[PDB]
Amino acid sequence: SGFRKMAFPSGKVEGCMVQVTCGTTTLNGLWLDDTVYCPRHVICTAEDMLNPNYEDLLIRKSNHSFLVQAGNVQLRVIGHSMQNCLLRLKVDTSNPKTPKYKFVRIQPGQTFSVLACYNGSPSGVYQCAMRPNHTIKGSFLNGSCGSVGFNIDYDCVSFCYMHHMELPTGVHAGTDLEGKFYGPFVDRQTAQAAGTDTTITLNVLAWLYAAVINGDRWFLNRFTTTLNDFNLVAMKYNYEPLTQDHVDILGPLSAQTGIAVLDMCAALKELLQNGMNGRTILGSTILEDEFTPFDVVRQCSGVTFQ
Amino acid sequence: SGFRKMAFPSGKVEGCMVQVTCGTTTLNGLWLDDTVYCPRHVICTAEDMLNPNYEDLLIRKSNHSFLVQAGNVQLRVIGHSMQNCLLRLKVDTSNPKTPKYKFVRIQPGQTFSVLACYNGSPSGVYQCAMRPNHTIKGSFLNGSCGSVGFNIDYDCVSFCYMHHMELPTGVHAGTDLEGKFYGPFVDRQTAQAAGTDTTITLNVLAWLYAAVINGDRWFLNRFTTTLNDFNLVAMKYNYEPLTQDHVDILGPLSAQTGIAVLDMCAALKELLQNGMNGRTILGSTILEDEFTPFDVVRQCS
Amino acid sequence: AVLX
Amino acid sequence: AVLX
């Protein structure tokens with residue numbers, strides 16, 4: 001019993017983390033086969049930040065200028081190119097710890113695990129969700145750029161995030177593994193700020209299902225509601241509008257429990273309007289929104305990874 | 001900036017995870033060099049579990065009734081012995097993935113990462129604290145026994161926990177890696193209950209400092225308190241009594257923030273007495289106590 | 001207790 | 001924004 005937010009075991013990704021250094025600038029890189037991926041702003045120095053001409057700064061870069069280190073091992077760089085906001089460094093050695101993997105671009109609301117890294121050294125791992133406003137509420141300090149977010153499915157690592165920068169509210173933005181930012185941000189120290197954010201309704205609902213599967217069900221009721229009627233209350237409380245697509249994604253959980261999604265929405269409606277009245281749900285006093293429907297299945301079903 | 005319940009990277013430990021089966025019972029084991037460590041209760045029958053005598057159960061077993069598996073691959077058991085509440089199984093080959101490590105026994109209030117495992121395979125990693133009452137609020141299912149808790153310093157893994165069972169309030173109990181239980185519990189399906197628990201005061205204060213380090217200054221006030229007057233209050237509230245030792249520990253964080261410890265204590269008194277007023281600290285609407293001062297320092301820097 |  |  002018990003419900004924790006959990007990250008994926010991080011070993012498969014740990015073996016891929018390296019240190020990349022251009023002059024005074026060091027940050028993290030991801031080494032898969034014979035390629036190291038890293039934020040392109042590694043070719044900067046403390047001024048080139050305001051507005052770099054990446055295409056042009058990269059021109060004056062030599063292979064020997066990139067210092068790539070894996071543990072106590074310097075990797076000889078034999079190629080380099082840019083792909084959107086990432087650098088792609090070719091090295092003379094294929095990573096022997098390279099896992100089965102793929103690059104995916106996750107959707108807002110979806111979760112992944114982040115391996116926080118510094119100087120090529122993994123420091124910590126935690127679970128987070130891509131917020132509706134295309135940021136993540138992470139924990140990052142100087143030198144953490146290049147750290148990656150990922151999911152694991154069976155024995156396959158899906159990399160979905162690489163860290164680039166911290167916005168003024170202390171939330172974080174980055175790219176997928178093709179170098180394309182999530183949200184409207186760009187990799188320069190210009191004035192940018194995250195847009196207003198909303199609660200991930202789909203995940204709250206999922207979590208509510210998890211509560212029921214775990215025997216926590218005092219909140220259920222005998223009523224239902226229309227989708228539109230739910231969204232009218234939901235949006236007053238700054239919840240993402242719920243869509244029919246979301247309803248279908250809750251399909252398996254609704255089947256397992258025999259509670260129709262709209263029936264659960266009425267329970268959530270009542271919860272928002274009346275509060276909890278001192279009671280708790282899966283031990284919490286708030287409505288958790290960083291567990292996805294899939295997270296719930298995987299956990300309550302005891303899924304493991306090879 | 002930002003602050004998360006953060007666990008140590010679990011790779012060094014993943015490479016040590018094995019599976020152990022005795023007849024119909026399978027749980028997790030920890031494989032270091034040429035020994036596998038696991039809960040001795042792997043040897044109990046559906047019967048045995050209520051009033052088992054482990055010396056008696058162990059003498060009836062051979063090196064060969066132990067089925068040890070690294071993934072699909074069987075590891076030959078050439079020796080077995082009981083150490084307090086663990087079995088140690090010497091196998092005939094070494095684990096080349098064995099990291100630098102040591103076995104440590106932690107004090108209640110400290111935190112560690114748990115690698116939840118099933119049938120010798122990793123499910124997930126999460127961070128938690130040893131409750132004052134010696135239990136852990138874990139996330140375990142049937143077959144999770146043998147999963148371990150640990151901290152990492154550099155390249156050195158410090159193992160502090162191995163999971164043994166679940167108590168009636170759904171919290172979890174276990175031993176250090178010498179096989180000694182944390183708390184009063186015993187490995188048998190008798191009526192056992194966790195004792196009273198308390199809020200880890202030192203950690204709540206650390207987490208308040210974290211928040212100041214991160215621009216969450218709203219709870220602060222003009223007041224200071226004495227250690228005694230703080231304790232007279234906090235204790236009305238199920239908080240652990242705070243000592244001068246605990247004050248000293250907070251020194252680093254007090255300096256970094258220029259906020260006196262007794263001042264932060266005054267702030268804590270207010271929050272306990274007055275509540276948060278819908279407000280939140282570092283995202284939370286409750287006071288968090290599973291971050292040690294060390295956790296804050298390492299994470300906030 | 002439940003041996004887990 | 002602050003590149004990190």
Side-chain angles (χ1 to χ4, degrees), chain A residues 283 285, chain B residues 3 5-6 104-112 127-137 149 151 160-161 171 182-184 194-277 279-301:
Chain A
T285 61
Chain B
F3 194 74
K5 189 162 293 180
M6 175 166 317
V104 308
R105 191 177 168 89
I106 56 177
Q107 269 184 325
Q110 279 184 291
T111 51
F112 55 91
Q127 178 80 347
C128 59
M130 183 78 49
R131 298 314 295 169
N133 70 4
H134 295 99
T135 65
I136 283 68
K137 303 203 200 137
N151 286 285
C160 57
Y161 185 78
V171 297
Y182 286 102
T196 55
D197 203 35
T198 62
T199 294
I200 308 167
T201 305
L202 176 60
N203 292 5
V204 169
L205 290 165
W207 174 81
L208 290 179
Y209 276 116
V212 159
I213 304 185
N214 275 256
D216 224 340
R217 282 177 65 92
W218 72 260
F219 47 88
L220 295 180
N221 67 37
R222 66 196 201 247
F223 307 99
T224 193
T225 185
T226 67
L227 193 30
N228 196 72
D229 292 329
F230 173 82
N231 283 322
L232 293 187
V233 177
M235 285 164 59
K236 295 224 206 57
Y237 287 100
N238 203 41
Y239 269 61
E240 274 295 303
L242 179 71
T243 64
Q244 178 67 30
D245 269 11
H246 293 157
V247 168
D248 296 340
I249 292 197
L250 288 169
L253 295 161
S254 175
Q256 166 171 345
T257 65
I259 291 169
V261 168
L262 287 180
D263 276 14
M264 191 66 85
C265 280
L268 184 43
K269 190 191 291 186
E270 181 168 347
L271 288 167
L272 282 183
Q273 288 172 348
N274 297 345
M276 282 209 208
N277 283 339
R279 298 282 217 135
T280 64
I281 319 194
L282 285 173
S284 169
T285 78
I286 55 151
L287 308 163
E288 298 291 316
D289 75 347
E290 309 215 330
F291 292 97
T292 66
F294 181 67
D295 296 339
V296 167
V297 163
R298 155 166 26 93
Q299 183 171 174
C300 288
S301 298

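Quick note on labels: first sequence line is chain A, next is B, and so on, each numbered from 1.
- Geometric assessment of B/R105 against the ring of B/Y161 yields a negative cation-pi assignment under the 6.0 Å and 45° thresholds.
- We find the CZ-CZ distance between B/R298 and B/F291 to be 10.5 Å, quoted to the nearest 0.5 Å.
- At a threshold of 4.5 Å between non-hydrogen side-chain atoms, the residues B/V261 and B/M264 do not count as touching.
- Contact check for B/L282 versus B/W207: side-chain heavy atoms found under the 4.5 Å cut-off.
- Side-chain atoms of B/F230 and B/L262, non-hydrogen and from C-beta on, never get closer than 4.5 Å to each other.
- Classification of B/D289 and B/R131 as a salt-bridged pair holds, one side-chain N sitting under 4.0 Å from a carboxylate O.
- Formation of a donor-acceptor pair under 3.5 Å by the B/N133 side chain with backbone atoms of B/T198 is not found in this model.
- Residues B/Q256 and B/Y209 form no side-chain contact, since every pair of their non-hydrogen atoms from C-beta on lies 4.5 Å or further apart.
- When B/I213, B/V212, B/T257, B/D295 are each tested for a side-chain contact (heavy atoms from CB on, under 4.5 Å) with B/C300, only one passes: B/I213.
- Note that the CG atom of B/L250 and the CG atom of B/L208 stand 10.0 Å from one another [nearest 0.5 Å].
- Heavy-atom minimum distance, B/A267 versus B/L220: CB-CD2, 4.1 Å.
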Subject >> Test side-chain contact (heavy atoms from CB on, under 4.5 Å) applied to B/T111 and B/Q127, step by step >> reply: CA-CA 7 Å; B/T111 51; B/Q127 178 80 347; 3.5 Å; yes
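- Remark: the backbone N or O of B/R279 is not paired with any side-chain donor or acceptor of B/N277 at under 3.5 angstrom.
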Original post:
Can you list the steps and then say if B/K5 with B/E288 is a side-chain contact (heavy atoms from CB on, under 4.5 Å)?
Top reply: CA-CA 10 Å; B/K5 189 162 293 180; B/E288 298 291 316; 3.9 Å; yes
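- Residues satisfying the side-chain hydrogen bond (donor to acceptor under 3.5 Å, both in side chains) criterion with B/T280, sequence neighbours excluded, are absent altogether.
- Using modelled atom types, one finds a donor on one side chain and an acceptor on the other under 3.5 Å when comparing B/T224 with B/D263.
- For the pair B/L202/B/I249, a side-chain contact is recorded, criterion being any heavy-atom separation below 4.5 Å from C-beta on.
- A donor-acceptor pair under 3.5 Å links the side-chain atoms of B/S254 to the main chain of B/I259, judged by distance alone.
- Between the side chain of B/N231 and the backbone N or O of B/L242 there is at least one donor-acceptor pair closer than 3.5 Å.
- The shortest non-hydrogen separation linking B/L271 to B/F219 is CD1-CB, 3.6 Å.
- The main-chain N or O of B/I281 is never found under 3.5 Å from a side-chain atom of B/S284 such that the two would form a donor-acceptor pair.
- The heavy-atom pair separating B/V171 from B/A194 by the smallest distance is CG2-CB, 4.3 Å.
- Inter-residue side-chain proximity for B/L268 and B/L272 is flagged as met; some heavy-atom pair is nearer than 4.5 Å.
- Salt-bridge formation is not detected for the pair B/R222/B/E270: no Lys NZ or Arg NE/NH1/NH2 atom is positioned less than 4.0 Å from an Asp or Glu carboxylate oxygen.
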Original post:
Should B/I200 and B/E290 be marked as a side-chain contact (heavy atoms from CB on, under 4.5 Å) after you check the CA-CA gap, both sets of side-chain angles, and the distance that decides it?
Top reply: CA-CA 8 Å; B/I200 308 167; B/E290 309 215 330; 5.7 Å; no
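- Here the CG-NE2 distance, from B/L227 to B/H246, works out to 10.5 Å after rounding to the nearest 0.5 Å.
- The two residues B/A206 and B/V296 have their closest heavy-atom pair at O-CG2, 3.4 Å.
- Of all non-hydrogen atoms in B/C265 and B/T225, the two that sit nearest each other are CB-CG2, 3.6 Å.
- Side-chain contact check for B/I136 versus B/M130: some heavy-atom pair is nearer than 4.5 Å.
- Side chain of B/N214 to main chain of B/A211: no donor-acceptor pair is present (N/O by atom type, distance under 3.5 Å, no hydrogens or angles).
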**OP:** Dump the intermediate steps for side-chain hydrogen bond (donor to acceptor under 3.5 Å, both in side chains) on B/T201 and B/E240, then the final yes or no.
**Re:** CA-CA 6 Å; B/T201 305; B/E240 274 295 303; over 6 Å; no
**OP:** Take B/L287 and B/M276 through the test side-chain contact (heavy atoms from CB on, under 4.5 Å) and record every step on the way to the result.
**Re:** CA-CA 9 Å; B/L287 308 163; B/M276 282 209 208; 3.5 Å; yes
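- Considering all non-hydrogen atoms of both residues, B/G109 and B/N203 come closest at O-ND2, 3.0 Å.
- More than 12 heavy atoms of other residues, nucleotides or ligands shown are found within 6.0 angstrom of CD on B/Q273.
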